[PDB]
Amino acid sequence: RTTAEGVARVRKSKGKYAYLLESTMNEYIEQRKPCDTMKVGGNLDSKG
Amino acid sequence: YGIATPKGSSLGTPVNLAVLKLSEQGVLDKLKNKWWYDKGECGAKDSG
């Protein structure tokens with residue numbers, strides 16, 4: 001549905017669900033409790 | 001990297017709408033995929 005449901009599927013599906021989103025949100029969720037996400041790969045396209 | 005026009009010219013605005021159109025259409029991503037890799041002397045370097 002929204003971004004918070006995408007993060008919640010990553011914590012629940014235990015490495016079976018990846019969630020593609022912005023690189024500015026992929027770092028802040030990584031640096032926040034319960035600390036269960038990481039940032040893999042490079043930036044695919046470029047935005048501003 | 002930016003396409004640059006002189007100060008107070010008529011081409012400042014239509015070029016500025018051209019680059020953003022070529023980015024949303026992915027033509028800039030299509031070209032960067034092609035000039036670094038498909039002309040690449042190294043073959044399938046991402047796949048290795």
# chains A, B, ... in the order shown; residues from 1 in each chain; ligands from 1
>>> interface_residues(of="chain B", to="chain A", cutoff="10 Å", atoms="only C-alpha atoms", output="CSV table (one decimal) with C-alpha atoms, in the first residue's frame")
chain,number,residue,atom,x,y,z
B,20,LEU,CA,14.1,16.1,-18.0
B,23,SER,CA,15.4,11.3,-18.2
B,24,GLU,CA,11.8,10.3,-17.5
B,26,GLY,CA,14.9,6.6,-19.7
B,28,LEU,CA,19.6,8.8,-20.8
B,29,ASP,CA,19.7,5.5,-18.9
>>> residues_around(residues="segment 3-14 of chain A", least_positions_apart="4", cutoff="10 Å", atoms="only C-alpha atoms", output="number ranges by chain")
A: 18-21, 25-26, 29, 34-37
>>> write_last_selection(atoms="N, CA, C and O atoms", output="mmCIF file, in the first residue's frame")
data_model
loop_
_atom_site.group_PDB
_atom_site.id
_atom_site.type_symbol
_atom_site.label_atom_id
_atom_site.label_comp_id
_atom_site.auth_asym_id
_atom_site.auth_seq_id
_atom_site.Cartn_x
_atom_site.Cartn_y
_atom_site.Cartn_z
ATOM 1 N N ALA A 18 12.188 -8.482 -1.123
ATOM 2 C CA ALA A 18 12.946 -7.255 -1.319
ATOM 3 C C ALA A 18 11.961 -6.142 -1.634
ATOM 4 O O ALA A 18 10.879 -6.405 -2.164
ATOM 5 N N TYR A 19 12.316 -4.912 -1.294
ATOM 6 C CA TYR A 19 11.431 -3.777 -1.514
ATOM 7 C C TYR A 19 12.195 -2.654 -2.194
ATOM 8 O O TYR A 19 13.119 -2.087 -1.608
ATOM 9 N N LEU A 20 11.809 -2.333 -3.422
ATOM 10 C CA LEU A 20 12.522 -1.347 -4.225
ATOM 11 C C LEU A 20 11.936 0.027 -3.931
ATOM 12 O O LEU A 20 10.728 0.231 -4.055
ATOM 13 N N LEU A 21 12.789 0.966 -3.536
ATOM 14 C CA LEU A 21 12.333 2.294 -3.160
ATOM 15 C C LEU A 21 13.476 3.277 -3.358
ATOM 16 O O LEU A 21 14.519 2.939 -3.921
ATOM 17 N N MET A 25 15.360 6.938 1.238
ATOM 18 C CA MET A 25 14.598 6.218 2.253
ATOM 19 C C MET A 25 15.265 4.898 2.599
ATOM 20 O O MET A 25 15.077 4.369 3.698
ATOM 21 N N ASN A 26 16.062 4.356 1.677
ATOM 22 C CA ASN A 26 16.712 3.075 1.921
ATOM 23 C C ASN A 26 17.851 3.229 2.922
ATOM 24 O O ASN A 26 18.301 2.250 3.522
ATOM 25 N N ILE A 29 15.854 4.089 6.811
ATOM 26 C CA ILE A 29 15.292 2.888 7.423
ATOM 27 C C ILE A 29 16.413 1.971 7.901
ATOM 28 O O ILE A 29 16.291 1.295 8.931
ATOM 29 N N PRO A 34 14.031 -1.260 14.304
ATOM 30 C CA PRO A 34 14.898 -2.269 14.928
ATOM 31 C C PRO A 34 16.109 -2.703 14.104
ATOM 32 O O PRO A 34 16.589 -3.807 14.370
ATOM 33 N N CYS A 35 16.557 -1.882 13.144
ATOM 34 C CA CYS A 35 17.789 -2.092 12.381
ATOM 35 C C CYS A 35 17.818 -3.423 11.645
ATOM 36 O O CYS A 35 18.653 -4.278 11.951
ATOM 37 N N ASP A 36 16.919 -3.627 10.688
ATOM 38 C CA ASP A 36 16.808 -4.956 10.104
ATOM 39 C C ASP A 36 16.901 -4.896 8.582
ATOM 40 O O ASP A 36 16.700 -5.905 7.906
ATOM 41 N N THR A 37 17.233 -3.731 8.029
ATOM 42 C CA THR A 37 17.347 -3.554 6.587
ATOM 43 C C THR A 37 18.750 -3.099 6.210
ATOM 44 O O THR A 37 19.441 -2.453 7.000
#
>>> select_by_dssp(residues="chain A", states="alpha helix (DSSP H)", output="list in words")
residues 3, 4, 5, 6, 7, 8, 9, 10, 11, 12, 13, 25, 26, 27 and 28 of chain A
>>> write_last_selection(atoms="N, CA and C atoms", output="compact mmCIF listing (two decimals), in the first residue's frame")
# COMPACT_ATOMS: atom_id res chain seq x y z
N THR A 3 4.76 3.09 1.91
CA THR A 3 6.16 2.76 2.17
C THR A 3 6.32 1.96 3.46
N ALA A 4 5.52 2.29 4.48
CA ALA A 4 5.65 1.62 5.77
C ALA A 4 5.19 0.17 5.70
N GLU A 5 4.25 -0.13 4.80
CA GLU A 5 3.86 -1.52 4.60
C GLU A 5 4.91 -2.28 3.81
N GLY A 6 5.68 -1.58 2.98
CA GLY A 6 6.76 -2.23 2.27
C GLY A 6 7.92 -2.59 3.18
N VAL A 7 8.23 -1.71 4.13
CA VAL A 7 9.26 -2.01 5.12
C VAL A 7 8.81 -3.13 6.04
N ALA A 8 7.52 -3.17 6.36
CA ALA A 8 7.01 -4.18 7.27
C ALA A 8 6.96 -5.56 6.62
N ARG A 9 6.92 -5.62 5.29
CA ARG A 9 6.97 -6.92 4.65
C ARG A 9 8.40 -7.46 4.63
N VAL A 10 9.39 -6.56 4.64
CA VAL A 10 10.78 -6.99 4.68
C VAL A 10 11.12 -7.61 6.02
N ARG A 11 10.62 -7.01 7.11
CA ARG A 11 10.87 -7.57 8.44
C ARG A 11 10.14 -8.89 8.64
N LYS A 12 9.00 -9.05 8.00
CA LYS A 12 8.19 -10.24 8.22
C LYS A 12 8.61 -11.42 7.36
N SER A 13 8.88 -11.22 6.07
CA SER A 13 9.08 -12.33 5.15
C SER A 13 10.47 -12.94 5.23
N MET A 25 15.36 6.94 1.24
CA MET A 25 14.60 6.22 2.25
C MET A 25 15.27 4.90 2.60
N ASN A 26 16.06 4.36 1.68
CA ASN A 26 16.71 3.08 1.92
C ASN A 26 17.85 3.23 2.92
N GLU A 27 18.34 4.45 3.11
CA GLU A 27 19.39 4.65 4.11
C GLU A 27 18.81 4.98 5.48
N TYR A 28 17.71 5.73 5.53
CA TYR A 28 17.19 6.13 6.83
C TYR A 28 16.51 4.98 7.55
>>> atom_distance(atom1="atom CA of residue 14 of chain B", atom2="atom CA of residue 48 of chain A")
19.2 Å
